[PDB]
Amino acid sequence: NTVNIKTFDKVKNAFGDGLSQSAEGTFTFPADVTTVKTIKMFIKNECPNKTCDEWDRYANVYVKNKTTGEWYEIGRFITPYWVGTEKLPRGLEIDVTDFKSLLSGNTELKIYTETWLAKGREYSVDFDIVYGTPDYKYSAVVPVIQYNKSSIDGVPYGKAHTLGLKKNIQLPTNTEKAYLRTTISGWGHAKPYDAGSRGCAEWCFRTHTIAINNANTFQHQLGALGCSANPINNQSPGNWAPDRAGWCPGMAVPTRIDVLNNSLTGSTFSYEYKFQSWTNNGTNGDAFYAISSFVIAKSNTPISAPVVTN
């Protein structure tokens, strides 16, 4: 079984006086998610005849955690230059199965675009829920860190001292499978440039590390994705083809999945996101990393949300 749920219908994120960069709404999702195998989120950006903010703007979607009243980023993308997602049949696709526990019953969603023009961007969002026999009937998800309000509200990169990326995580004793879900994209053309005149953090290729209990465990390489091969190839005269570090205009920001070893099940461990070292000399602007990292706990027996603590 595959149920399609329609959620935002030509909603506009715009900037200027009786307008907003974000839109919200409440939608009804089926209540039972125990047999949900996959949930695909589709984002359609309609921008016919240059009627939208022609820049490659940062955008993201959130689902509200009813109990805590906190917004969780389920997906982000960079809008294409000058056009919408027309070359793509169903729009940008992002797997959001990790958030099935929050995508049930009356769910409030939020979509934001860092647009600075009144014409902004218009979107239609729908979800495909595929029912079946999942490998794990239950899942729980909680954020470890969230500095993703916009491209320039991320974590400053290259500053003398930085903090706010070390946390402690306690996984439920019945966790059968656990993993981290991270989405990271950078902004800026700050100096000193890397070879090839690549400023940070939009252009400079880096490899960040996540340390579990002080041991370097996962590496996140923000390298070339092959922007020139983008299906949305009608973006000229915008600078669409050059490879940025870990993202391309008119494409979803990749979701990075790192599987935790089961020796962490039932125990509290430390998590630290370590940026590859670099110092901003401050002569050519700022550099930021917009980042969200989530811990997902799965089991075939009802499970409570992992505890994240400083």
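Residue numbers run from 1 along the displayed sequence.
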>> I need to verify one thing: averaged over C-alpha atoms only, is the B-factor higher for 23-31 or for 281-289?
In response: 23-31
> Do the CA atoms of 223-231 or those of 157-165 have the higher mean B-factor in the entry?
Replying inline: 157-165
> When the CA B-factors of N60, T255, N49, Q276 are compared as recorded in the entry, which is the largest?
Replying inline: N49
>> Can you tell me which of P172, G196, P192, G84 has the maximum CA B-factor listed in the PDB entry?
In response: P172
> Compared with the other modelled residues in the chain, in which third is the CA B-factor of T133?
Replying inline: highest
> According to the PDB entry, is the CA B factor of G91 in the bottom, middle or top third of its chain, that is, lowest, middle or highest?
Replying inline: highest
> Which third of the chain does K40 land in by C-alpha B-factor: lowest, middle or highest?
Replying inline: middle
> Considering only modelled residues of the same chain, in which third does the CA B-factor of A118 rank: lowest, middle or highest?
Replying inline: highest
> By its CA B factor, does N106 count among the lowest, middle or highest third of the modelled residues in the chain?
Replying inline: highest
